[PDB]
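Consider the single chain below, provided in structure tokens and representing the form deposited in one PDB entry.
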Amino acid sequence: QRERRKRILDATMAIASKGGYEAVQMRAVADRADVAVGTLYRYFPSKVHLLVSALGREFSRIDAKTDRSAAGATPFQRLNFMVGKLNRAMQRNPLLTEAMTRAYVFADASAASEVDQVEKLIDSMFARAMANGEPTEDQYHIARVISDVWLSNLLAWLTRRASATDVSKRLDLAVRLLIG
């Protein structure tokens, strides 16, 4: 059932990248992934669960892309590195970003687990970026603040009250204010 999951999340990412939040239909994803619809619902009860899970997988893959050794001599530099990478990744995929941001907007208690998995991952990614070895509590907290700035400005990006570069500027400002 692992390969089934892989096909389902693959189709989720493909469709989301192609047509944004709207295009992510349960029937369409199930179709594209060659699984029964009931199977899809059994693993993912909503498109929110689908998208958040897919996001989690994407983060888990990005963390496996290289290694903690792969940069900067200072915490500020390393965190700047991580945030910059994820930032350009965001800028390269506006539709996917729309789908994910919307998914986060609609995520409720029923998707708690899924969302948690994302939050735990991304924060970890930031924290381990700042730290040499095991991150401290404060670094986890800093990670959470950065994530909150990111999401809050994506909220304004989604409703076209702000551009992607505005988001990027806010992120850099936040990083500098926290550990610059």
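For every residue, the number given is its place in the sequence shown, counted from 1. Rigid core: the largest C-alpha set superposing within 1.5 Å between the two forms.
Just so it is clear, the following notes concern the form deposited in another entry, a form of the same protein that is not shown.
When the two forms are overlaid on the rigid core, CA displacement between the shown form and the other one of 2 Å or more is confined, within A33, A127, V48, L154, to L154.
Core-aligned CA deviation for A14 between the shown form and the other one: less than 2 Å. With the core held fixed, the Cα of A23 is displaced between the shown form and the other one by less than 2 Å.
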